[PDB]
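# what follows is a protein structure lacking sequence information:
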């Protein structure tokens, strides 16, 4: 149903 | 599979 | 299953036309030399061109050293250990010959009933039902495959609530008798209590003098005796709400598909038999056969009566017009009547029934195909008048053939017990409501036939019954009995591969057919069954059908299950066979 | 289970010595007047002082209008549907009188055996054994309690 | 022959010609329908002695059973047959009586409120009757009618009798809401409001449509209550819930203020034991008036992401676990701000606190993000304060996983609810939402059920049918009508709790949204998923908000600004167009078409009758009545299916015939971005919030599993475009 692995590197790029 | 509730009022009308 | 062969080695010894010519040669072998070979040629042409279909025992056995051709037997049990034993013994004897059985056991007194100065009916109906099952199953491969029976009892039996749930999976093994089917017997008064939201009173048959008899023979006397006994507070009884009793029955009919219905009033008010002398008090395995019976004292009791019926069918798709039925009826009736003298009788009481009444059961195959090629359907009332016309022709010609055979060879010994003897015809006694759904006139001269029957009688007490077919309809590439095909292609497994059969003339008819599940509901079909029943001597193996996906939340409502039941009754339907629920 | 009583109401109608004296009186009733009462006294003394014991059917029934005292029956089945049926019928008759049964059924031909010019012993011993069971059980409260047999 | 049992008991012969004539009437104007097919399927079910009403249900159902995408007009055939039947059940004839006679009779029976006959003269009812067009009953679809019959029309619950028809409902709702209007304008407003609802331009909640005209005054269906950290406030909250749920209202409960398990002994009370046993108490309160404890009664409960117990709270809806650890029959909204998201992006930790140990932190969380940051980092450093560290990825993952399992763990971005808001956060912060996550209003904890210093937020709802208008300038009149009607209802309805009356009379908050958005996009040739709808949406929602604001502004001139208008950002001459998330500029470039600067001065000067006007709610009932697509949502399919005791109810999306390719069905969307960009654009203009869904089709993903990486990116995309809340998460099955 869901895959729990997260790449923190790819998130850090994002601009809030 | 089946629904067991019966309306006796609607049956009483019928003519055998 | 037809051709003569070695079971062990696998060798096949004959081809189909030899089977056909020699079945004909055997059945007409006693005919005067002046006509014998003409009957043979004409019967051979009829079967070999599929106009007439015959049961497997006949097609596999007639020409061979066997004389075992009885495949349809009806036995009524009396309320005594002697009758229970005799019944059991007759079942064993017949099932060893692969016959299907209808057992009437509604006469057995209920659990708790008084000590019968010796015997043991304190303990109830169920342990004896279990004994009938093992009797039915006594000649079956490992206790399952082979051996079939339907057992009958009245709706008002004191134990009815326990009886209704015999086929149910969950429950204690002592409360279950799963490998027989059941027919619940109902009349107008039971239906009335349902409509009026009233109660139904349950009785043991042994506590209510005359009630059992009247139930079948005389509804006025039933009403009188029934209300009387409801008032007598000295008689053991039990009250149940009619909606609860019907609901339980309809729910078990729905779970298993194998709780059946017989309207016993209709079987006796619209019948070839005088109910005061020869009431119909049960049916057979498949719910199309309706004949008188008498309990046995002993396997060999010469005063009992076991009902037997010889079957056949007309292939409605193999005839260009209805007037071909005259010759086909002559052929079929003569062939079957001869078989009655030819076959063996392992039980004296069964011979009595057969020689006494000489009962035949001739039905139809390819009805769906016949409707399709006349551009009609089951579900919309478009087939009503065509059906009236068709079944008039069948019954008229059947009756005429039997009448002619009576002139030539003599009416059946017990002809005087038929309503026919009193100049009463099917057209005189049918459920009046049929007038509101068809207006086809009678095309044949029934008044001429009436006088000819009063005068010379009938060779056979019954002639018509609408059975299910599988084997004989596959041989003709015919649609089965009166049933709409489930689909255009039929699939069957074998050790030889997947066997496919396409409905006849699919190429030109694919849109004209109405498949089973294309029917919006049961009314149109039941109106056709009602119309056929106008003319049919016995009954019809009528199905009811339900597609969960046509209903809110995928559940069949009880309200609908009960309305269809009442619709069946209102149009004079005698019995309801299998209930089919679609899966997925 | 011994003393004469009303099953329904619960009332007890006799005491143990009456049971004993009247069992004795019944069993020796046909004896010549010269010895009859001596046998009665002596049989009464033997049962009432427990020297001799008797089956329940005898102790409950002898003196009463019943004549059902057979509680131990042995039936041998032949290799034929006629004998199978007769055996079944005899079982039903006796178990309704609460008799225990010994059934000999070892004569029934095995599964697979040749076609007996009519009958159906192709299918084996077991479906007939099942038929003997329901026969034994035909008079039992709900199919369990009551009715007993051993098959050989 | 065939015989029929008439209404009373008498019997006459069947009239096949009459049945045929009614069917012919019903089929007028329709296409691809077969009268004879309907006749065949129903006549075969008739029997000698059949009662008259039963002939009617049979023909209706026969028509209804043929509803499909290839023959959509069976919707209309069956509808009209049903309407006919209902005219007879109500009036014994097809022609409805004069309006006056109808009302008189209904007052006599106790079914209509007798104020109607006091407020209007016979002459005025005569006049109102000329406004009515009973032929508009012919415009309903079959499912529309089953909805009217099921829950709108005045009827006897017991006996089954129906007492009115749809136009009477419409004219008398109008007559009631404008009853206090000066004689000079009253009947003009009535006619114009009647035309708007009867031609489906404006939709109204079920309580209003079923109740306004009748003796009831219970019309509040949307309530927001904030609980204080005290047994007195807990009890008051519980009591207010019970009171409102007995009137079938949905509840938003803010309970994030309750101190965490283990907290110091409050000189008497018992908050040692934690949030959960009180949450359980709120649930049974919500459920106190529900059939057997299940069906009926609904609430969403709110708490901050940084609550010390958050890990236990996040898993309340979870199936496996000890019963004491579960509170399954309420939904939850987790409250998040920019700093919490920052910790996620930077792979840092989040610190959990009990609200009772961190002075000022709770307040700042909603009102002032700079003060939140200051107080938050300060308290992280104080090693004398009880706290707990968790990895932000682990906290977000747990939340998103529970959101995914249940679909019912929601999100509120509390910074966005206060930086882009009609309310000054220093005075009237928004600290929660409602059941459905579109309502955003100030609240104040209660001392006691009857505390006159508490504030319970209420909202009156309505919607514009974007498919029933030819152009956006029709919204001017519709906004006037809707705002005036709803504002009148505020004075009309009852208030069972003093603190709720305070909110309603203080702020006079309305929540007007839309229906038929999908259909509207389709017929303008746009889609949800590709950005093609962006500028059209900007244009549409500008028009809605401008006209809503203008109507309320005009009403303030006429009747006075709302008592607490001075607590709005509106009072300070601040507009939605001043405070929206700047990033919206990168995804739309539609110019403002309306004169917002004129409106600005008019608002500074005269104020607003209403503190809020707009909210985008979900619809089901009112959109089925209009045959409209629901709210702002794309339809799951072309044909909707519903179960009933009357059969399978089908409804085909509007104008399927011409639009089947123009529509974009829910699962045809490659992903969530386009939809979320539209939600963001709407939010630019909307006063409150939007019941935004997120959607996920397992079969679009390797090995059929939705990746957490994607779940989190969509969450961040929502935030980046200024989305205030996220409602239901929908996962497709199979």
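Great, that's in hand. Numbering: from 1, shown residues only, chains lettered A, B, ... in the order given.

# only C-alpha atoms from now on, for both contacts and neighbour counts.
OK.

# the stretch 301-450 of chain C: helices as residue ranges?
C:325-342, C:348-357, C:367-373, C:384-409, C:426-429, C:446-456 (DSSP state H, counting those that start in this stretch).

# same check on the stretch 51-200 of chain C?
C:56-61, C:81-95, C:126-136, C:160-164, C:188-195.

# and stretch C:505-525, does that touch chain E?
Yes. Interface with chain E: stretch C:505-525 contributes C:520, C:523-524 (Cα under 8 Å from any Cα of the partner chain).

# what comes up buried for that stretch?
C:512-516, C:519-525 (16 or more other Cα atoms under 10 Å in any protein chain shown).

# from the residues you listed, which land in helices?
Using DSSP state H, the subset of the buried residues of stretch C:505-525 located in helices is C:523-525.

# make JSON lines from these and add distance to chain A to it.
Listed next are those as JSON lines, based on distance: Cα to the nearest Cα, whole Å:
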{"residue": "C:523", "distance to chain A": "47"}
{"residue": "C:524", "distance to chain A": "48"}
{"residue": "C:525", "distance to chain A": "48"}
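
# quick one: contacts for residue 5?
As the question left the chain open, I've gone with chain A. E:707-709 (Cα atoms under 8 Å, 6 or more residues apart in numbering or on different chains).

# actually chain C
Going by Cα under 8 Å, 6+ apart, residue C:5 touches C:11-14.

# closest one of the residues you listed to chain E?
Of all the contacts of residue C:5, chain E sits closest to residue C:14, with 50.5 Å by Cα to the nearest Cα.

# any idea what sits nearest the residue in chain A positioned nearest to chain D, other than its immediate chain neighbours?
As assessed by Cα to the nearest Cα, chain D sits closest to residue A:1 within chain A, at 52.1 Å. Among residues not flanking residue A:1 along the chain, residue E:705 sits closest, at 4.5 Å (Cα to Cα, 6 or more residues apart in numbering or on different chains).

# give me the phi and psi angles of that neighbour.
When quoted as degrees, to the nearest 10, the phi and psi of residue E:705 stand at phi -120, psi 130.

# can you get me a residue count around the residue of chain A closest to chain D?
Residue A:1 has 16 neighbours, counted by other Cα atoms under 10 Å in any protein chain shown.

# one more: residue C:15?
When neighbours are counted by other Cα under 10 Å, residue C:15 registers 11.

# hang on, isn't it packed against residue C:3?
Yes. Between residue C:15 and residue C:3 there is a contact under Cα atoms under 8 Å: 6.7 Å.

# what's in contact with stretch C:547-557?
B:1-5, C:517, C:546, C:581-584, E:642-645, E:647-648.

# before we move on, what about stretch C:263-283?
Stretch C:263-283 has contacts (Cα under 8 Å, 6+ apart) with C:74, C:76, C:102-104, C:152, C:185-188, C:215-219, C:262, C:289-293, C:417-420, C:425-426, C:429-431, C:461-462, C:537-538, C:569, C:572-575.

# equivalent analysis for stretch C:466-483, please.
C:50, C:53-56, C:286, C:288, C:315, C:317, C:361-369, C:485, C:501, C:503-504, C:516, C:536, C:539-541.

# can you select the buried ones among those for me in PyMOL?
For the buried members of the contacts of stretch C:466-483, the matching PyMOL selection, counting by 16+ other Cα under 10 Å, is:
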select buried, chain C and resi 50+53+54+55+286+288+315+317+361+362+363+364+365+366+367+368+369+485+503+504+516+536+539+540+541
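
# what's the most buried one of the helices of the stretch 51-200 of chain C?
Most buried of the helices of the stretch 51-200 of chain C, by mean neighbour count (mean count of other Cα atoms under 10 Å in any protein chain shown): helix C:126-136, with a mean of 27.

# now do that one and helix C:81-95, the angle between them.
If you take axes from the mean of the first three to the mean of the last three Cα atoms, to 10 degrees, helix C:126-136 sits at 30 degrees to helix C:81-95.

# tilt between helix C:126-136 and strand C:149-154?
Going by the same axes, to 10 degrees, helix C:126-136 makes 150 degrees with strand C:149-154.

# and helix C:126-136, what other elements does it pack with?
Secondary-structure packing of helix C:126-136 (3 or more Cα pairs under 8 Å, 6 or more residues apart in numbering or on different chains; DSSP states H and E): helix C:81-95, helix D:126-136.

# just want the angle from it to strand C:100-104.
160 degrees.

# who touches helix C:126-136?
Contacts of helix C:126-136 (Cα under 8 Å, 6+ apart): C:84, C:88-89, C:91-92, C:95, C:147-149, C:163, C:175, C:177, C:179-180, D:127-128, D:130-131, D:134-135, D:137-140, D:142-143.

# mind doing that once more with 6 Å?
C:88, C:92, C:147, C:177, D:131, D:134, D:138, D:143 (Cα atoms under 6 Å, 6 or more residues apart in numbering or on different chains).

# for stretch C:208-220, same thing?
Contact with stretch C:208-220 is made by C:221-222, C:264, C:275-276, as judged by Cα under 6 Å, 6+ apart.

# now do 8 Å
C:107, C:187, C:205, C:221-222, C:225-226, C:229, C:235, C:264-265, C:268, C:275-276, C:279-281.

# many thanks, I have nothing further to ask.
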